[PDB]
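Chemist: What follows is a single structure, and I will ask about it in a moment.
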Amino acid sequence: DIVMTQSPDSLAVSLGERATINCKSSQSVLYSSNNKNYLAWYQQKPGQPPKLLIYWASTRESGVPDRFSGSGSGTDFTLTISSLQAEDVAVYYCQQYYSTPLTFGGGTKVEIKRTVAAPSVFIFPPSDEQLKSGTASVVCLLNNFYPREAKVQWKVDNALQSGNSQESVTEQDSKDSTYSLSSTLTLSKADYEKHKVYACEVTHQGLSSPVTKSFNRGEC
Amino acid sequence: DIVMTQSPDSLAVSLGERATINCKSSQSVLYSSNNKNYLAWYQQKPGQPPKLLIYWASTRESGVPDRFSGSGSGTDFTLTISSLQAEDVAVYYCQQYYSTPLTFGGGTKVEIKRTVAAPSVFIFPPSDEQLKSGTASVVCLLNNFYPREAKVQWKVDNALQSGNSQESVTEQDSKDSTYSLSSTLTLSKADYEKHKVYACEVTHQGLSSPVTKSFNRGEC
Amino acid sequence: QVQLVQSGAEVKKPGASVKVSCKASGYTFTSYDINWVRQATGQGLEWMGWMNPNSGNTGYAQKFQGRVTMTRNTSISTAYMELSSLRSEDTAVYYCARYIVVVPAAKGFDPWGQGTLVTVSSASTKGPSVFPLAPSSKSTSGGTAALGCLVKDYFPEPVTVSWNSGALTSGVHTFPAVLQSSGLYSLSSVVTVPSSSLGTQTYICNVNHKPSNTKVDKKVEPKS
Amino acid sequence: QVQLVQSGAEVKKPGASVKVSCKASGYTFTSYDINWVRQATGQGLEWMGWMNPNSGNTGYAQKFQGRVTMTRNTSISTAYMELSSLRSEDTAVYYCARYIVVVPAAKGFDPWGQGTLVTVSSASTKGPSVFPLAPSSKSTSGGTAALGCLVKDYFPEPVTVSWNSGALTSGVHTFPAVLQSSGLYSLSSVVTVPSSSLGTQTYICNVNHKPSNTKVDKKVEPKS
Amino acid sequence: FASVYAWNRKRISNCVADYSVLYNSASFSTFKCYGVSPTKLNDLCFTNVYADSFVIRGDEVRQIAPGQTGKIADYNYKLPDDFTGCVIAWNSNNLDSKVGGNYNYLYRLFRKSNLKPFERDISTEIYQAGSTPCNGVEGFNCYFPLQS
Ligand SMILES: *[C@@H]1O[C@H](CO)[C@@H](O[C@@H]2O[C@H](CO)[C@@H](O[C@@H]3O[C@H](CO)[C@@H](O)[C@H](O)[C@H]3NC(C)=O)[C@H](O)[C@H]2NC(C)=O)[C@H](O)[C@H]1NC(C)=O
Ligand SMILES: *[C@@H]1O[C@H](CO)[C@@H](O[C@@H]2O[C@H](CO)[C@@H](O[C@@H]3O[C@H](CO)[C@@H](O)[C@H](O)[C@H]3NC(C)=O)[C@H](O)[C@H]2NC(C)=O)[C@H](O)[C@H]1NC(C)=O
């Protein structure tokens, strides 16, 4: 019933900033004079169980320094961490209380100062061992890069390839706050041996025009 | 060793706003119970020596009104001037303390309300006196304009000219918060007399498509 | 002390059943309600609270009904959960939390289980196939060039690839494993190294598969 | 009073040496360390603190070593700085500050020198060459049109151009001087004026070069 | 006279004290009495009189009073908050000031903690401002504690 729609997402902003995460549905003021609220804030480190932050919506932090700081009203509220610092990079959920279930989604990373930067791109042809097995993986790597909103277009003999690739992306880097991405194109040996140029065209804000790394099957 | 990387730059925002300038490296909490900090904030007016602002990171302003207001932690912190007002337009550095050197960089200007505006453009051919001397300066002026991220492309007979121009830009104007830019193209008399159309093509956010001002050498 | 201990990171086949345990300590046990949550790969949570210290009627989340059963033991205070008729998309991680209260009204969950793993899929278990992705000029740019190892087609999710027995920590980045339509996982770990050092030093990826006992070292060298 | 007085805005040739002075007042002098900083054209700062009231061992910034020497006099409390073997890219402005302290730990620099100028380059000194940039229809747009004066090729950095002996303050904007590869500066100052007033009134740029003694008035009129 | 950071301390004792020759001498620029107004001094008897002596600037005579702050009253010479005696002060430009500067009159300008009343501190340890041990050598955030 009560949906906790949270608006902002990926607030990758320079440390120290003041994030403002809003969410609301279907008030839970809870009578009984206990006019407080009904929902906690949470922090879950990646690869970790969650933790507890501000509860009652009432700034009630426990073993938690002051920069993490809540607020509250009847339906709407916000967590609003101040003077953010390294290692606050997490995912921040909400609650519901007497409701039933929960709902929330948020997080951050970095921003840097220099230009929008750009990825190092690299394309890897399939190893000779794999072509024996009867399948060809064609990997394309995008190294270090802030804007994760990168596009990887595979092309085979200049035909844009749809539906035989998979990507994954790393967590924001704790040192240089960048992201790295690996896209894998999977073909059969038979179908691999039917075309020549394998290309990987990367689009990104730090590139003025897209970068293509490519090889020619069977050319040492 | 300790690098004070400051993320934000040119916060040209409407007066009264609340800027948030972050920087950090390699904590200087400084033991001895004196758990305070170790770094001041600075303000340097253009064409002036610097001044002192918040120190210890501890809001400790001296002959300085409250709107300028610091914060602090172990590694990360922020200056966070409130209700900004005219004449706070400066460059704002950081410190290091026991470290050794310093590091910081920041500033602001304006924003306005109306559209992104646009420059008045004007191209000036070389004066007859200078062509006697044996050199031709071709000046192109861009008058009043907020977004300073303007592009000046010189073209000579429709050939984009690279590496014989110089620009300079004025400080944000204290009245209308605009910027003005002058680009000078320098040629020899001999090379000047080898071409006809001299053009200056300005790109800018307040222009829907770029503006070219041009003259034809030798046409009264 | 205030703790919660889960156990049972395991693998099942679809159309089966599983029981998961949460061991508690440092409390009276029968005094705070146990609540479990689901969590997919990079998603939200669910499962409403239920169960109580004494007897406890127990609740549900109304789309998980019938398959869900909650049993505990007053011999040490260890809550469990029995899921049944698994459909190979309930593969997730599952948690525990104490849901502590205080005079007015309880404030969020006290502790937080360590989580567990349940992987459903008709795959059983398979070992990884490894290829070296050679450093190349298409990967080379100026001062640095990247090389790596592709470890693919394995079911038993926890797999690790190190570089030079754990030596290189610069540029080494293992990307999240990908789950194919075949039902098996795959991943690739890549590291950049100065382009002056293409073949010069040792770059051997050490592949270890812990559910199985696979251990293979593969050297990556520039293309022939 | 709390003051710092610098002197010596000057010009040098590369491969030479310079001494710069900071005069203090309103204090015991030998009680607060003098610290100098560099500042290029629109850049950051550097130079770590050093020197002390009594004797003072003096420090350095470890890329400025050998060339740097710090000498003072207990006759009035005036700290100096001797740089040597100038390389025509150390041209910058140089500051002084008292670095005041208070019980716990000193808080930033007390005062702040007025700064000084050192310009290194085999140019010696040269006078400006002036041209008038005429108002034109390519500069004209609707109600206003712009005209100006181009003053170029001079070494001795401080140069000024006014409009009509200081009369027009509307639209008059002098742009930062530019340093060419030849080693000489150049700039252009422009002002807009209603297009109904192209030639009507007086628009004479007054060029004054203070290191030399150049004073020339140039009239700007629409193109022939 | 005696420095300001090591003041003297004479313990006047059983005697016949005539504070009138003091009170009316008109040579004193400052004669404030706190516990007891001046004219009634030549009509009372105590157990001990102490007399402390030193030399300061001209405009630091307002920190020699009960309940003040500043570099002198903080850590050079602190007066308790229920003082009883009197404070006397007079200008001495011709005796103590000499052409070229009389650098023999020092004062302490750094201390860990303000003095207890009538407490005295003649040590000369290097003031460690920074966490970095001074090791007994000067430098940034390691200052000699006496000025002149
Ligand atoms: C939940 O609580 C139960 C008690 O209520 C625990 O139960 C008992 O566990 C014993 C093992 O520790 C079993 O032991 C022996 O079992 C063998 C083989 O079945 C018999 O031959 C022995 O006679 C028997 N000995 C004794 C004295 O028990 C018990 O059979 C078993 N009995 C009960 C009371 O259930 C559970 O172990 C406990 N489980 C958890 C997860 O906490
Ligand atoms: C740093 O302190 C120095 C003292 O330690 C100052 O030194 C003295 O400066 C005098 C000029 O004001 C010189 O004066 C006269 O010089 C002429 C020509 O050399 C002689 O014929 C005279 O005999 C001499 N007269 C006297 C009485 O000095 C002094 O020669 C000179 N002597 C000393 C003590 O060094 C410096 O001026 C001062 N500098 C700064 C920048 O503060």
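To be explicit about the labels: the chains of the structure tokens are called A, B, and onward in the order shown, and within each one the residues are counted from 1, while ligands get numbers from 1 in the order they are shown.
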To check your reading of the model: which residues sit at most 12 Å from ligand 1 when counting only C-alpha atoms and all ligand atoms? Write the answer as a list in words.
Modeler: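 Sorted by chain and then by number, the residues are residues 19, 20, 21, 22, 23, 24, 71, 72, 73, 74, 75, 76, 77, 78, 79 and 80 of chain C.
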Chemist: Take the residues that were just selected and, keeping C-alpha atoms, output them as a compact mmCIF listing (two decimals), in the first residue's frame.
Modeler:
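And here's part03.txt as it stands now:
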# COMPACT_ATOMS: atom_id res chain seq x y z
CA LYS C 19 16.04 -24.39 5.82
CA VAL C 20 18.12 -21.42 6.99
CA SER C 21 19.35 -20.66 10.50
CA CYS C 22 20.10 -17.55 12.55
CA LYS C 23 21.89 -18.02 15.87
CA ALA C 24 21.55 -15.28 18.49
CA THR C 71 10.44 -22.58 13.32
CA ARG C 72 12.64 -21.88 16.34
CA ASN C 73 14.02 -23.61 19.43
CA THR C 74 13.91 -22.46 23.06
CA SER C 75 17.09 -24.46 23.64
CA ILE C 76 19.36 -21.54 22.78
CA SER C 77 17.17 -19.06 20.90
CA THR C 78 17.83 -19.87 17.24
CA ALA C 79 15.23 -18.76 14.68
CA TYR C 80 14.97 -20.49 11.30
Chemist: Please find the residues of chain E near chain D - the criterion being any atom within 8 Å, counting only C-alpha atoms - and write them as a list in words.
Modeler: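 Here they are: residues 109, 110, 111, 112, 129, 130, 138, 139, 140, 141, 147 and 148 of chain E.
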Chemist: Output chain D as a tab-separated table (two decimals) with C-alpha atoms, in the first residue's frame, after least-squares fitting it to chain C on all in-order C-alpha pairs.
Modeler:
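Saved file part-v5.tsv follows:
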chain	number	residue	atom	x	y	z
D	1	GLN	CA	27.02	-9.85	23.05
D	2	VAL	CA	24.60	-8.40	20.53
D	3	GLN	CA	25.22	-10.75	17.61
D	4	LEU	CA	23.43	-12.69	14.92
D	5	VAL	CA	25.06	-15.70	13.27
D	6	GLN	CA	23.70	-17.13	10.04
D	7	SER	CA	24.89	-20.26	8.27
D	8	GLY	CA	24.06	-22.20	5.16
D	9	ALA	CA	25.45	-20.54	2.04
D	10	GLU	CA	24.38	-23.25	-0.35
D	11	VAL	CA	22.98	-24.23	-3.75
D	12	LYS	CA	19.68	-25.89	-4.60
D	13	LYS	CA	17.92	-27.25	-7.67
D	14	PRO	CA	14.49	-25.88	-8.66
D	15	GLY	CA	11.48	-27.52	-7.12
D	16	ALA	CA	13.02	-28.22	-3.74
D	17	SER	CA	13.14	-26.89	-0.19
D	18	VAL	CA	15.65	-25.20	2.12
D	19	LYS	CA	16.04	-24.39	5.82
D	20	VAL	CA	18.12	-21.42	6.99
D	21	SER	CA	19.35	-20.66	10.50
D	22	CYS	CA	20.10	-17.55	12.55
D	23	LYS	CA	21.89	-18.01	15.87
D	24	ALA	CA	21.55	-15.28	18.49
D	25	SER	CA	23.55	-14.35	21.58
D	26	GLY	CA	23.88	-11.73	24.29
D	27	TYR	CA	20.15	-11.36	24.93
D	28	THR	CA	17.11	-12.98	26.53
D	29	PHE	CA	16.17	-14.22	23.06
D	30	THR	CA	12.42	-14.61	23.57
D	31	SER	CA	11.83	-10.86	23.84
D	32	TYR	CA	12.47	-9.44	20.38
D	33	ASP	CA	10.88	-10.43	17.09
D	34	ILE	CA	12.98	-11.91	14.32
D	35	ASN	CA	12.50	-10.40	10.86
D	36	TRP	CA	13.99	-11.72	7.61
D	37	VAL	CA	14.43	-9.81	4.37
D	38	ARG	CA	15.18	-10.73	0.79
D	39	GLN	CA	17.78	-8.94	-1.30
D	40	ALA	CA	18.47	-9.69	-4.94
D	41	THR	CA	21.56	-8.64	-6.84
D	42	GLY	CA	21.56	-4.87	-6.43
D	43	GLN	CA	17.90	-4.39	-5.54
D	44	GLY	CA	15.64	-3.53	-2.62
D	45	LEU	CA	14.25	-5.53	0.27
D	46	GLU	CA	10.93	-6.98	1.45
D	47	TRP	CA	9.36	-9.57	3.75
D	48	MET	CA	7.33	-8.06	6.59
D	49	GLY	CA	8.13	-8.75	10.23
D	50	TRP	CA	6.76	-11.79	12.04
D	51	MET	CA	7.32	-14.31	14.84
D	52	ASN	CA	7.67	-13.55	18.55
D	53	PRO	CA	9.63	-14.69	21.62
D	54	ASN	CA	6.86	-16.79	23.18
D	55	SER	CA	4.88	-19.04	20.85
D	56	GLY	CA	4.30	-16.20	18.39
D	57	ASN	CA	1.57	-16.47	15.77
D	58	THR	CA	3.94	-15.40	13.00
D	59	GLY	CA	2.99	-13.34	9.95
D	60	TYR	CA	3.80	-13.19	6.24
D	61	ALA	CA	4.19	-10.97	3.19
D	62	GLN	CA	1.09	-12.30	1.33
D	63	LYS	CA	2.91	-13.15	-1.86
D	64	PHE	CA	5.05	-15.56	0.08
D	65	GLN	CA	2.40	-17.76	1.66
D	66	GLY	CA	2.40	-21.51	2.06
D	67	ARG	CA	6.01	-21.82	0.97
D	68	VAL	CA	7.10	-19.95	4.08
D	69	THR	CA	7.46	-21.58	7.49
D	70	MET	CA	9.13	-20.24	10.62
D	71	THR	CA	10.44	-22.58	13.32
D	72	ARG	CA	12.64	-21.88	16.34
D	73	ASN	CA	14.02	-23.61	19.43
D	74	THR	CA	13.91	-22.46	23.06
D	75	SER	CA	17.09	-24.46	23.64
D	76	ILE	CA	19.36	-21.54	22.78
D	77	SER	CA	17.17	-19.06	20.90
D	78	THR	CA	17.83	-19.87	17.24
D	79	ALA	CA	15.23	-18.77	14.68
D	80	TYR	CA	14.97	-20.49	11.30
D	81	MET	CA	13.01	-20.29	8.05
D	82	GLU	CA	11.84	-23.05	5.73
D	83	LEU	CA	11.18	-22.21	2.10
D	84	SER	CA	9.67	-24.71	-0.29
D	85	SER	CA	9.06	-25.28	-4.01
D	86	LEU	CA	11.86	-23.09	-5.28
D	87	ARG	CA	11.46	-21.60	-8.73
D	88	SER	CA	15.04	-20.54	-9.67
D	89	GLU	CA	14.35	-16.83	-9.47
D	90	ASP	CA	14.13	-16.66	-5.68
D	91	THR	CA	17.92	-16.89	-5.71
D	92	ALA	CA	18.92	-14.05	-3.42
D	93	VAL	CA	20.51	-13.30	-0.06
D	94	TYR	CA	18.54	-13.58	3.15
D	95	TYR	CA	19.00	-11.70	6.41
D	96	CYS	CA	18.06	-11.59	10.10
D	97	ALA	CA	17.55	-8.72	12.54
D	98	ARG	CA	16.34	-8.36	16.10
D	99	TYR	CA	13.98	-5.36	15.77
D	100	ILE	CA	14.79	-3.79	19.13
D	101	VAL	CA	12.26	-1.74	21.09
D	102	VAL	CA	12.42	1.02	23.70
D	103	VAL	CA	9.63	2.33	25.94
D	104	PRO	CA	7.79	4.53	23.42
D	105	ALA	CA	8.16	2.48	20.23
D	106	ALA	CA	10.88	0.15	18.93
D	107	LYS	CA	13.46	1.92	16.78
D	108	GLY	CA	14.48	0.04	13.64
D	109	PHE	CA	16.25	-3.31	13.82
D	110	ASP	CA	18.72	-3.88	16.65
D	111	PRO	CA	21.39	-6.01	14.97
D	112	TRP	CA	21.74	-7.37	11.44
D	113	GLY	CA	22.40	-10.94	10.34
D	114	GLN	CA	25.54	-11.69	8.34
D	115	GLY	CA	23.35	-12.77	5.45
D	116	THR	CA	23.42	-16.05	3.57
D	117	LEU	CA	23.35	-17.42	0.03
D	118	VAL	CA	20.78	-19.50	-1.77
D	119	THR	CA	21.41	-20.20	-5.45
D	120	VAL	CA	18.70	-22.06	-7.33
D	121	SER	CA	19.33	-23.47	-10.81
D	122	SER	CA	19.66	-26.86	-12.51
D	123	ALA	CA	23.44	-26.63	-12.85
D	124	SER	CA	24.79	-28.48	-9.81
D	125	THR	CA	28.40	-27.34	-10.14
D	126	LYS	CA	31.04	-26.81	-12.81
D	127	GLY	CA	34.62	-25.63	-13.04
D	128	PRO	CA	35.80	-22.49	-14.79
D	129	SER	CA	37.35	-22.29	-18.25
D	130	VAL	CA	40.20	-19.77	-18.42
D	131	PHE	CA	41.67	-17.78	-21.31
D	132	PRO	CA	44.32	-15.03	-21.19
D	133	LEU	CA	43.33	-11.73	-22.83
D	134	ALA	CA	46.68	-10.57	-24.20
D	135	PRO	CA	47.95	-6.99	-24.02
D	136	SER	CA	47.60	-5.40	-27.44
D	137	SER	CA	48.13	-2.09	-29.19
D	138	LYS	CA	44.33	-1.80	-29.40
D	139	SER	CA	44.48	-1.88	-25.61
D	140	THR	CA	47.75	0.09	-25.50
D	141	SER	CA	47.62	3.89	-25.21
D	142	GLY	CA	50.76	5.90	-24.57
D	143	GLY	CA	52.41	4.91	-21.31
D	144	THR	CA	50.23	1.96	-20.29
D	145	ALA	CA	48.63	-1.19	-21.74
D	146	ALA	CA	46.06	-3.55	-20.24
D	147	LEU	CA	46.02	-7.36	-20.01
D	148	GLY	CA	43.80	-9.79	-18.18
D	149	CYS	CA	42.22	-13.19	-17.71
D	150	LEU	CA	38.75	-14.37	-18.73
D	151	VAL	CA	37.30	-17.04	-16.43
D	152	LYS	CA	33.94	-18.27	-17.69
D	153	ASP	CA	31.25	-20.96	-17.48
D	154	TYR	CA	31.06	-21.90	-13.81
D	155	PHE	CA	28.05	-22.38	-11.54
D	156	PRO	CA	29.47	-22.23	-7.99
D	157	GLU	CA	29.33	-18.44	-7.59
D	158	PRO	CA	32.30	-17.78	-5.27
D	159	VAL	CA	35.38	-17.83	-7.52
D	160	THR	CA	38.56	-15.79	-7.28
D	161	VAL	CA	41.30	-14.67	-9.65
D	162	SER	CA	44.45	-13.03	-8.32
D	163	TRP	CA	47.40	-11.53	-10.16
D	164	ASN	CA	50.83	-13.02	-9.51
D	165	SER	CA	49.83	-14.84	-6.32
D	166	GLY	CA	48.50	-11.57	-4.91
D	167	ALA	CA	51.45	-9.36	-5.88
D	168	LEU	CA	49.97	-6.69	-8.19
D	169	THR	CA	47.35	-4.48	-6.55
D	170	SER	CA	47.75	-1.58	-8.98
D	171	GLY	CA	45.25	-1.56	-11.84
D	172	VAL	CA	43.97	-5.04	-10.95
D	173	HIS	CA	40.18	-4.87	-11.26
D	174	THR	CA	37.91	-7.94	-11.30
D	175	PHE	CA	34.56	-7.18	-12.83
D	176	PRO	CA	31.27	-8.53	-11.47
D	177	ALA	CA	30.48	-11.97	-12.76
D	178	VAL	CA	27.76	-12.20	-15.37
D	179	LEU	CA	25.02	-14.82	-15.43
D	180	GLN	CA	24.40	-16.15	-18.93
D	181	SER	CA	21.28	-17.72	-20.37
D	182	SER	CA	23.05	-21.08	-20.12
D	183	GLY	CA	22.78	-20.67	-16.35
D	184	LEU	CA	26.52	-20.44	-15.73
D	185	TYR	CA	28.51	-17.46	-14.54
D	186	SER	CA	31.42	-15.73	-16.25
D	187	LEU	CA	33.78	-12.87	-15.49
D	188	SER	CA	37.01	-11.21	-16.60
D	189	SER	CA	39.67	-9.49	-14.48
D	190	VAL	CA	41.99	-6.95	-16.10
D	191	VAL	CA	45.02	-4.95	-15.00
D	192	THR	CA	46.96	-2.16	-16.70
D	193	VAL	CA	50.77	-2.09	-16.67
D	194	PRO	CA	53.28	0.27	-18.36
D	195	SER	CA	53.50	-0.35	-22.10
D	196	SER	CA	57.28	-0.57	-21.76
D	197	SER	CA	56.53	-3.67	-19.67
D	198	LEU	CA	54.37	-5.74	-22.05
D	199	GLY	CA	56.13	-9.09	-21.63
D	200	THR	CA	58.97	-7.98	-19.38
D	201	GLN	CA	57.77	-9.06	-15.93
D	202	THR	CA	55.51	-11.82	-14.62
D	203	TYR	CA	51.75	-11.49	-15.01
D	204	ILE	CA	50.16	-14.82	-14.08
D	205	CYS	CA	46.52	-14.97	-13.04
D	206	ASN	CA	45.87	-17.46	-10.24
D	207	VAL	CA	42.37	-18.91	-10.62
D	208	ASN	CA	40.91	-20.63	-7.56
D	209	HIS	CA	37.43	-22.18	-7.38
D	210	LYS	CA	36.60	-22.90	-3.73
D	211	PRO	CA	33.39	-24.98	-3.99
D	212	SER	CA	35.34	-27.20	-6.36
D	213	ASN	CA	39.12	-27.56	-5.96
D	214	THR	CA	40.34	-25.86	-9.14
D	215	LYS	CA	43.65	-23.98	-9.04
D	216	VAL	CA	45.30	-22.91	-12.32
D	217	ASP	CA	47.90	-20.24	-13.14
D	218	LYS	CA	47.71	-18.67	-16.61
D	219	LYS	CA	50.33	-16.33	-18.07
D	220	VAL	CA	49.24	-13.40	-20.25
D	221	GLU	CA	51.65	-12.29	-22.98
D	222	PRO	CA	51.33	-9.87	-25.92
D	223	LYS	CA	49.71	-11.20	-29.06
D	224	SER	CA	51.90	-13.25	-31.39
Chemist: As a PyMOL selection string, please: every residue in range 82-148 of chain B that DSSP puts in strand (DSSP E).
Modeler: chain B and resi 120-124+135-143
Chemist: If we count only C-alpha atoms, what is near residue 20 in chain B at a cut-off of 9 Å, once residues fewer than 4 positions away on the same chain are taken out, given as a JSON list (two decimals) with C-alpha atoms, in the first residue's frame?
Modeler:
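Writing done, so here's around29.json:
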[["chain", "number", "residue", "atom", "x", "y", "z"],
["A", 16, "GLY", "CA", 31.84, 17.37, 2.07],
["A", 17, "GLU", "CA", 28.75, 18.23, 0.02],
["A", 18, "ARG", "CA", 25.27, 18.15, 1.54],
["B", 8, "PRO", "CA", 34.36, 22.97, -7.37],
["B", 78, "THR", "CA", 34.12, 22.86, 3.81],
["B", 79, "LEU", "CA", 33.82, 26.56, 3.79],
["B", 80, "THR", "CA", 30.12, 27.29, 3.31],
["B", 81, "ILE", "CA", 29.35, 31.00, 2.96]]
Chemist: Considering only C-alpha atoms, return as an NGL selection string whatever protein or nucleic-acid residues lie within 6 Å of range 43-46 of chain B, sequence-local ones (same chain, fewer than 6 positions apart) excluded.
Modeler: :B and (90-92)
Chemist: Provide as a count of residues only the residues of chain A at most 12 Å from chain B, counting only C-alpha atoms.
Modeler: 25
Chemist: Please provide the set of residues having any atom within 10 Å of residue 106 in chain E, restricted to only C-alpha atoms, with same-chain residues fewer than 4 positions apart removed, written as a list in words.
Modeler: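 Close residues of residue 106 in chain E: residues 2, 3, 4, 5, 6, 55, 56, 102, 146, 147 and 148 of chain E.
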Chemist: Any chance you can output those residues with N, CA, C and O atoms as a PDB file, in the first residue's frame?
Modeler:
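The result, stored in part_12.pdb:
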ATOM      1  N   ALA E   2      62.499  44.133  38.852  1.00  0.00           N
ATOM      2  CA  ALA E   2      62.514  42.733  38.452  1.00  0.00           C
ATOM      3  C   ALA E   2      61.619  42.495  37.242  1.00  0.00           C
ATOM      4  O   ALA E   2      60.634  43.208  37.035  1.00  0.00           O
ATOM      5  N   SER E   3      61.963  41.492  36.443  1.00  0.00           N
ATOM      6  CA  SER E   3      61.191  41.159  35.251  1.00  0.00           C
ATOM      7  C   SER E   3      59.715  40.977  35.586  1.00  0.00           C
ATOM      8  O   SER E   3      59.323  41.005  36.752  1.00  0.00           O
ATOM      9  N   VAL E   4      58.897  40.791  34.554  1.00  0.00           N
ATOM     10  CA  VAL E   4      57.464  40.604  34.734  1.00  0.00           C
ATOM     11  C   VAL E   4      57.108  39.125  34.841  1.00  0.00           C
ATOM     12  O   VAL E   4      56.087  38.763  35.424  1.00  0.00           O
ATOM     13  N   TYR E   5      57.957  38.275  34.272  1.00  0.00           N
ATOM     14  CA  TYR E   5      57.733  36.839  34.301  1.00  0.00           C
ATOM     15  C   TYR E   5      58.373  36.169  35.496  1.00  0.00           C
ATOM     16  O   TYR E   5      58.012  35.040  35.812  1.00  0.00           O
ATOM     17  N   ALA E   6      59.314  36.822  36.160  1.00  0.00           N
ATOM     18  CA  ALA E   6      59.809  36.373  37.459  1.00  0.00           C
ATOM     19  C   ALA E   6      59.766  37.568  38.390  1.00  0.00           C
ATOM     20  O   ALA E   6      60.797  38.168  38.672  1.00  0.00           O
ATOM     21  N   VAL E  55      58.047  45.156  36.204  1.00  0.00           N
ATOM     22  CA  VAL E  55      58.043  46.214  35.198  1.00  0.00           C
ATOM     23  C   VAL E  55      57.262  45.742  33.987  1.00  0.00           C
ATOM     24  O   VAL E  55      57.548  44.675  33.450  1.00  0.00           O
ATOM     25  N   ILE E  56      56.308  46.546  33.528  1.00  0.00           N
ATOM     26  CA  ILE E  56      55.490  46.188  32.379  1.00  0.00           C
ATOM     27  C   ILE E  56      55.375  47.382  31.449  1.00  0.00           C
ATOM     28  O   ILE E  56      55.986  48.418  31.662  1.00  0.00           O
ATOM     29  N   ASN E 102      66.206  48.620  25.205  1.00  0.00           N
ATOM     30  CA  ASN E 102      66.588  47.886  26.397  1.00  0.00           C
ATOM     31  C   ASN E 102      65.958  46.509  26.300  1.00  0.00           C
ATOM     32  O   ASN E 102      64.785  46.336  26.618  1.00  0.00           O
ATOM     33  N   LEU E 146      59.709  33.142  25.571  1.00  0.00           N
ATOM     34  CA  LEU E 146      59.933  34.447  26.173  1.00  0.00           C
ATOM     35  C   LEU E 146      60.230  35.480  25.105  1.00  0.00           C
ATOM     36  O   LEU E 146      61.026  35.241  24.198  1.00  0.00           O
ATOM     37  N   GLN E 147      59.598  36.641  25.246  1.00  0.00           N
ATOM     38  CA  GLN E 147      59.791  37.764  24.340  1.00  0.00           C
ATOM     39  C   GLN E 147      60.370  38.906  25.171  1.00  0.00           C
ATOM     40  O   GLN E 147      60.325  38.861  26.399  1.00  0.00           O
ATOM     41  N   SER E 148      60.916  39.924  24.514  1.00  0.00           N
ATOM     42  CA  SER E 148      61.496  41.041  25.239  1.00  0.00           C
ATOM     43  C   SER E 148      60.915  42.343  24.734  1.00  0.00           C
ATOM     44  O   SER E 148      60.911  42.597  23.528  1.00  0.00           O
TER      45      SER E 148
END
